[PDB]
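Heads up: the structure comes next, in structure tokens.
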Amino acid sequence: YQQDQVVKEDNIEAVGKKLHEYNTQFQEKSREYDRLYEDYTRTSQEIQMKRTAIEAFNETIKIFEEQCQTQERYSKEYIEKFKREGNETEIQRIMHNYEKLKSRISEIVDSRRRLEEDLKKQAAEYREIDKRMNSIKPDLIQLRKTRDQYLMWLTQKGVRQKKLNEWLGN
Amino acid sequence: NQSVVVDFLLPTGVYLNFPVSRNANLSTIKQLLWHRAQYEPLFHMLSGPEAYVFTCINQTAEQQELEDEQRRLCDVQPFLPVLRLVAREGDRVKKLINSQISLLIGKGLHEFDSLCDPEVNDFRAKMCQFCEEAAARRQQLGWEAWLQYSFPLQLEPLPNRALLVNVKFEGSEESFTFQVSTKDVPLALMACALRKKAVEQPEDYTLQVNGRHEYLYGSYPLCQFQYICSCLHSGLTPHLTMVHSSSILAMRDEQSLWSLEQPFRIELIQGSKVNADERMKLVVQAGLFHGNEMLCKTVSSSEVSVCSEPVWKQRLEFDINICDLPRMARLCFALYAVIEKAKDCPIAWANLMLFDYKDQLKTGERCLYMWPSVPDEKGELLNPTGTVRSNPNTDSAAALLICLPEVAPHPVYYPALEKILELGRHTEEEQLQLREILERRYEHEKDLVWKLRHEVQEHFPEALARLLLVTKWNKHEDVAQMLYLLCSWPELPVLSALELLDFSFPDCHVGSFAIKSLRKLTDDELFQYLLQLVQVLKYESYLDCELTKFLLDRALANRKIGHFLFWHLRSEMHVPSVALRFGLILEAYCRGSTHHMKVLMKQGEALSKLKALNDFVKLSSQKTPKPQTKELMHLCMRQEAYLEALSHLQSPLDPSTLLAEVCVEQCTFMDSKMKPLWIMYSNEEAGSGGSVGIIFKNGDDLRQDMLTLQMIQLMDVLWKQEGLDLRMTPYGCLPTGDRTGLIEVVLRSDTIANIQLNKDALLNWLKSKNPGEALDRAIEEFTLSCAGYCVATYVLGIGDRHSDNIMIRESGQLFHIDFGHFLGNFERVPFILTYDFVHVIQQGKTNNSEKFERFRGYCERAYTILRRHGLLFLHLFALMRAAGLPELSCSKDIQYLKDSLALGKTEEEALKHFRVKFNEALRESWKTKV
Ligand SMILES: N#Cc1cnc(-c2cccnc2)nc1N1C[C@@H]2C[C@H]1CN2c1cccc(Cl)c1
């Protein structure tokens, strides 16, 4: 007066055939997960590297912004001193050099923006990878528990370890 | 492109932009700068070039004052090529070390600041302070103390003959050959060489094995040293050098709760960044934990439907009071994807300590950034053995939002030791039953052991582990009573202490007791278990722990320990779940070890070049044939930056070994999937051998091979400890980074396959290398080594053993390589004799009963010694489950070693079954060859 069994086939050779199939189906889905878990980990390392590179752009720009600050403060004394000296040459050389400085900050900002766009994309990939991982997990767990239920069924029935291994091992 | 366009920011706001060479050092770049600044505004205001230092944003996103100007811009690796002139200002020492720390550990110190974490800030403050103190304290003491820190004695674990020795002094061509016995103390041997003419005293001196940082000193005989012992067996003269105490100083000189009876509960607010199937609905299963076992039953949420941002707002109540939570209570979450249940996918998980690092019961909101659930054999609901540290991918990774409710107006702590010890105070058939459970050579048994817990302390002190497990940690009464006993428990031996470090015993008092018992470890024995102790840190709740303090203590007392602690920690910095913990320990290590910091920088640069040199060869193998790729490898090595970086460094594998001059012609790469580099060295200051190599591997994981090699080295030590040298070759193996590391090159050897491919070639090969009287020695080397590697491989369960992965030295010594699989994973691996090995063992005869019986004794004796130390291997293997090796992951994998050593059986029962398994291997030797 007890029930439990979930195995489909009835004959020993018929159940052992399904043991070979579900095992082959299990080992393929495991290789699929492992392939996806390599990408997950690789993308996790790539995204972190992009995020520290963005911090690098920030710290670089921050150094250029200090140079701007210093140029404005430091020029003040000399731009007046050379204008009373009638030296519009020495004034004009300072400002073009400062215009050149600011032109470089726009190059560095554009590059920071391109990486931010690439980090936005790779954050999306990471999530899609994680989604496909979580869509494969239920099958992977399904196929494991089936495989084991068939193993136990045949082991209870007395099937020797050598017959089991040739269904599994191949 | 050879040259780079570099941005220069002068301190007057002026901006130059001109090209310089990648291989140009900073000092040269500064001369080119000043020559150009000349013809730009505001030059007259500048100080001279030496007044300023260049500054860049390094690869780890921090500003670095570039104090070493004999340093190439390609070796600086600035994020973008931007150099800022700044004042040579403030404390140069603290700014320099912080920058080098960041480049050495592969993680910027600002990343620690950015967390805004008190626990991290309190760790950094305390550990850097403690480590600096020890290092400052180190520098005060004399040359005796310092040589022992720096170059500690390499000793073997018994005849009394005599042979000559080559001795000389430092900075001198003329050398002195003269006699000395094997049992002479090195104090006496120095005086003999000091008698030059008939000036100086020999107590102001030490002996150094020239061409390596190994030193012969202290109250120990000459034969117990590794160099002299190695010299005696091979038959060569020890080449040494006298060194003055002043010369050693020249090296040295560098610088309330129990009232709160309300049930424990938590508010589950929201989820974040969940990625799942839109058809299903999401569930959050949860439970409280202490170690492995539960504190109470597991609750569960309602089925809120699948989206990115699922909201619950549920009260979750647990069957346990707030007063009953132990110090190391552990709330564990698992997010699951379930079907609607009208008729199971684990998404991710996260654990949290209910109390904090200052014993405060946590209150308020927490955002637990979840780790994804990797599917495994025992598919449990929750992952209580997983780390309590939050996922450092805060931008993209999934998150659960929770709120611990307020328990009182004032903040509630966990009771201190005094109030724990206050409540802690309060012939027979019981004595026979208790002995039966513990003297083994279940809830009924647990409640017996608990009742007689004080009798366990008096009569069964080694049974503490069993008593800690039977204790009910979900009742603060029982917890209080157990800790009381632990506070006055007798000191256990190292073997038992190792067990107490396992994840089953999380309580801070148990670890503290464990570490208290581990302080008797010598540096030699501690080194044998260093790999296991490092991995136990992954089970720690908090950052400041006793094991971290212990490992740092030992790392600062001994430069060899510090070296290997460093690389064990450094090799896992790519792994998110320990990057933080390991990062901080390494920072603390460096600040107390600023001398070795220099050596480790030189290695890390070398290992950065080789990675690049491997990556080139990997691609250049697919493009062209090998002889051209070999030449294209050399051209890249000839480059000034490469050549210097690979030259003149201490070996990471053995810091006493000096890798001086790269023999670029000898250098190549082995034929394999990942194409590892065969890098050869030579040292003209060294002894008779004077030729070392390293295999740089990148692509494959080496942790498996190290564990295996670690455990054979331990067998060899255990055998040698019982007066049994099986002539094993414990070659070095060291993981250095992400799927990267080094292997020591054993010279004068080849695989058996390639000896056989070129009647029986194995015994012929040994004949050509050991002519005449030498052959009888070479077969004994083979016999002894074949014995040890047969027993080792059997006990560890290492299958796949074939001619392509077994090697033989010209001396006769046999040994194994490429330990991909162990513990029978991929069914018991049988004991394996080969016809070829038996052929050589018997001296090329049909029946050599005399010789083969000696060999059977060597296998039998080897196997018996490991059974005596069987608990040692089980305990060490139990702690390595923390490492997450695929084949060392559960009790079954540990059970393998129990069965293979026959620990359940008696001693003579083990010998009988070993002989049976021996005999069957001799039987199956004939059938395999045909
Ligand atoms: N295959 C293989 C092989 C793997 N591993 C080890 C090893 C392992 C631990 C320590 N020492 C050595 N030796 C190996 N042998 C291959 C031959 C003999 C020896 C090194 N030789 C070599 C040298 C340079 C380039 C190339 Cl193509 C071949």
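The way I read the labels, and the way they are meant: chains A, B, ... in the order of the structure tokens, residue 1 as the first residue of every chain, and ligand 1 as the first ligand shown, with later ones counted on from there.
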- Query: Which residues sit within 12 Å of ligand 1, counting only C-alpha atoms and all ligand atoms, listed as a count of residues only?
  - Reply: 60
- Fewer than 2 positions away in the same chain doesn't count, so skip those; otherwise give me all residues within 8 Å of residue 359 of chain B, counting only C-alpha atoms, as a PyMOL selection string. chain B and resi 327+355-357+361+413-414
- Item | Selected residue of minimal separation from residue 722 of chain B among B:658, B:350, B:407, B:866, counting only C-alpha atoms | B:866
- Task: With a distance threshold of 6 Å and counting only C-alpha atoms, extract the residues of chain A near chain B and express them as a PyMOL selection string.
- Result: chain A and resi 55-56+67+70-71+101+131+137-138
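Of the listed residues (A:98, A:22, A:40, A:74), A:40 comes nearest to residue 134 of chain A; the distances count only C-alpha atoms.
All residues of segment 393-600 of chain B that DSSP, run on the backbone, classes as strand (DSSP E or B) are residues 399, 400, 401, 402, 403, 404 and 413 of chain B.
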- Item | Test item: residues at most 9 Å from residue 33 of chain A, only C-alpha atoms, excluding those fewer than 5 positions along its chain, as a PyMOL selection string | chain A and resi 28+38+132-133+136-137+140
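The environment of residue 601 of chain B within 10 Å, counting only C-alpha atoms and disregarding residues fewer than 6 places along the same chain, consists of residues 100, 101, 103, 104, 105, 607 and 649 of chain B.
Those residues that approach segment 834-844 of chain B to within 6 Å, counting only C-alpha atoms, are residues 763, 783, 851 and 925 of chain B; same-chain residues fewer than 5 positions away are not listed.
Taking atom CA of residue 363 of chain B and atom CA of residue 406 of chain B as endpoints, the distance between them is 5.8 Å.
Every protein, DNA or RNA residue with an atom at most 10 Å from residue 280 of chain B, where only C-alpha atoms count and chain neighbours fewer than 5 positions away do not, is listed here: residues 303, 304, 305, 306, 307, 337, 338, 339 and 340 of chain B.
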Mind writing the picked residues with N, CA and C atoms as an mmCIF file, in the first residue's frame?
```
data_model
loop_
_atom_site.group_PDB
_atom_site.id
_atom_site.type_symbol
_atom_site.label_atom_id
_atom_site.label_comp_id
_atom_site.auth_asym_id
_atom_site.auth_seq_id
_atom_site.Cartn_x
_atom_site.Cartn_y
_atom_site.Cartn_z
ATOM 1 N N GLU B 303 4.498 33.633 -3.648
ATOM 2 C CA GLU B 303 4.933 33.604 -5.047
ATOM 3 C C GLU B 303 4.594 34.922 -5.745
ATOM 4 N N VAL B 304 5.478 35.909 -5.611
ATOM 5 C CA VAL B 304 5.409 37.138 -6.410
ATOM 6 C C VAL B 304 5.934 36.813 -7.808
ATOM 7 N N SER B 305 5.248 37.302 -8.841
ATOM 8 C CA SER B 305 5.559 36.929 -10.232
ATOM 9 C C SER B 305 6.911 37.468 -10.703
ATOM 10 N N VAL B 306 7.455 36.838 -11.746
ATOM 11 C CA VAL B 306 8.801 37.148 -12.227
ATOM 12 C C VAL B 306 8.854 38.520 -12.891
ATOM 13 N N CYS B 307 9.783 39.341 -12.418
ATOM 14 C CA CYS B 307 10.191 40.556 -13.110
ATOM 15 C C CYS B 307 11.610 40.911 -12.668
ATOM 16 N N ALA B 337 13.236 30.235 -8.471
ATOM 17 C CA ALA B 337 12.258 30.398 -9.551
ATOM 18 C C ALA B 337 11.368 29.158 -9.609
ATOM 19 N N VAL B 338 10.164 29.272 -9.047
ATOM 20 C CA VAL B 338 9.209 28.163 -8.949
ATOM 21 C C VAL B 338 8.047 28.339 -9.936
ATOM 22 N N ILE B 339 7.458 27.221 -10.362
ATOM 23 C CA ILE B 339 6.204 27.230 -11.134
ATOM 24 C C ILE B 339 5.035 27.554 -10.174
ATOM 25 N N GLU B 340 3.934 28.080 -10.723
ATOM 26 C CA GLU B 340 2.773 28.582 -9.943
ATOM 27 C C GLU B 340 2.112 27.609 -8.936
#
```
- Taken to one decimal, the atom CA of residue 225 of chain B-atom CA of residue 534 of chain B distance is 28.2 Å
- Extract, using only C-alpha atoms, all DNA, RNA and protein residues at most 9 Å from residue 515 of chain B, discarding same-chain residues fewer than 2 positions from it, and format them as a ChimeraX atom specification. /B:497-498,501,510-513,517-519,546-547,550
Next, the residues of the selection above should be written as a PDB file, in the first residue's frame with C-alpha atoms.
```pdb
ATOM      1  CA  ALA B 497      43.473  21.870  16.624  1.00  0.00           C
ATOM      2  CA  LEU B 498      43.480  21.398  12.815  1.00  0.00           C
ATOM      3  CA  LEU B 501      39.478  25.011  12.151  1.00  0.00           C
ATOM      4  CA  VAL B 510      36.638  27.726  19.315  1.00  0.00           C
ATOM      5  CA  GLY B 511      38.858  29.303  16.637  1.00  0.00           C
ATOM      6  CA  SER B 512      40.703  31.145  19.409  1.00  0.00           C
ATOM      7  CA  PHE B 513      41.244  27.827  21.250  1.00  0.00           C
ATOM      8  CA  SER B 517      47.010  25.163  20.241  1.00  0.00           C
ATOM      9  CA  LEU B 518      48.587  25.985  16.834  1.00  0.00           C
ATOM     10  CA  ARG B 519      51.144  28.420  18.385  1.00  0.00           C
ATOM     11  CA  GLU B 546      42.654  35.178  15.190  1.00  0.00           C
ATOM     12  CA  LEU B 547      43.827  33.127  12.144  1.00  0.00           C
ATOM     13  CA  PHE B 550      48.324  34.238  13.543  1.00  0.00           C
TER      14      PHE B 550
END
```
- DSSP helix (DSSP H, G or I) selection over segment 294-448 of chain B, as a PyMOL selection string: chain B and resi 322-324+417-424+429-438+443-448
